[PDB]
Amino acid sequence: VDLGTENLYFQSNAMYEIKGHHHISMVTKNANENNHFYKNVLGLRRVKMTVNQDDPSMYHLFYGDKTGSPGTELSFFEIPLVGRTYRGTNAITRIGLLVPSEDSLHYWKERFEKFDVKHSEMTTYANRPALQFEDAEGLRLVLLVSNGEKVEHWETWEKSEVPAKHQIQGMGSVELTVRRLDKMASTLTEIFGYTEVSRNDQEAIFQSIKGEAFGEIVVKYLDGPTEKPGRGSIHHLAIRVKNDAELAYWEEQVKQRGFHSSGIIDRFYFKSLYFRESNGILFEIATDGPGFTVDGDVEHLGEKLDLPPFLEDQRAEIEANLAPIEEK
């Protein structure tokens, strides 16, 4: 007799849930200006000042909440001689950031006026009240009303320029612009078990957890030239998994669908793997832990140049080749 779960309906073969976005990584031409914008204007904490583990000559700066928790992290590689981004398709194109209330949108509109930040009027984005804005490098962002919803582990930053009740909470919708929306949709729903909120030929919206903003992806169809990335480009989007066992599971799933995995790499603050999908979008799958407090106290995160253990042998060399980040 069939006594178990033989006949039950599931939407995907996915064995595990994906809680949300982990972090998103970008290219900046100028760390001083980047630091001023993300820390001083946007009020985020600089949770880690380090170097590209694959190239110790390049700054890698993370911003986020009090501890840089998964879901809150925006990171930037500083590449001083990089050129402009030429916009186009097959690229991650917009970062959604949750704020608690429509009131927070009004707070932000005034702040953007004050700091001469490029910004929209009050609008709607993926069915949420929103305010679009850009940094000086052409990176596109959008503030999105959360109604106070948050990933449990997120914490506001007590030394921010921004009042707690209006602070950026962490990531919401992330926008992908692609030639083949069907192929991207299949990846998200058939492999990863994302819930399709809506879909037409022009745009589709997916949620890692049904009803939650924290893992939401907006997929837009755009024909025409592919983006030529430079300053202000988004390099990859990372999604969250609970532990190394889930990471290994996903590595297997990715391989079965014919994508080519980087293999699991220990990034110290987490383990991850990277893969590109059909449209060339680079995704990373990252464990939640151990996080940025693994190698330091919360009190002093981001204040000095932190290095993964394997690079301390080269600290003298690394430090000598880096200009200090100047607070303006």
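One-based numbering along the sequence shown.
Stretches compared: 211-219, 153-161. Higher mean C-alpha B-factor in the entry: 153-161.
If you average the C-alpha B-factors over 73-81 and over 192-200, the higher value belongs to 192-200. Annotation for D295, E284, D288, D65: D295 ranks highest, by Cα B-factor. Placement of the Cα temperature factor of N243 within the chain: middle third of the modelled residues, per the deposited record. Remark: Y59 belongs to the middle third of its chain, ranked by C-alpha B-factor as recorded. When the CA B factors of the chain's modelled residues are split into thirds, the value for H106 lands in the highest one. When all modelled residues of the chain are sorted by CA temperature factor, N279 is found within the middle third. Among all modelled residues in this chain, the alpha-carbon of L131 has a temperature factor (C-alpha) in the middle third.
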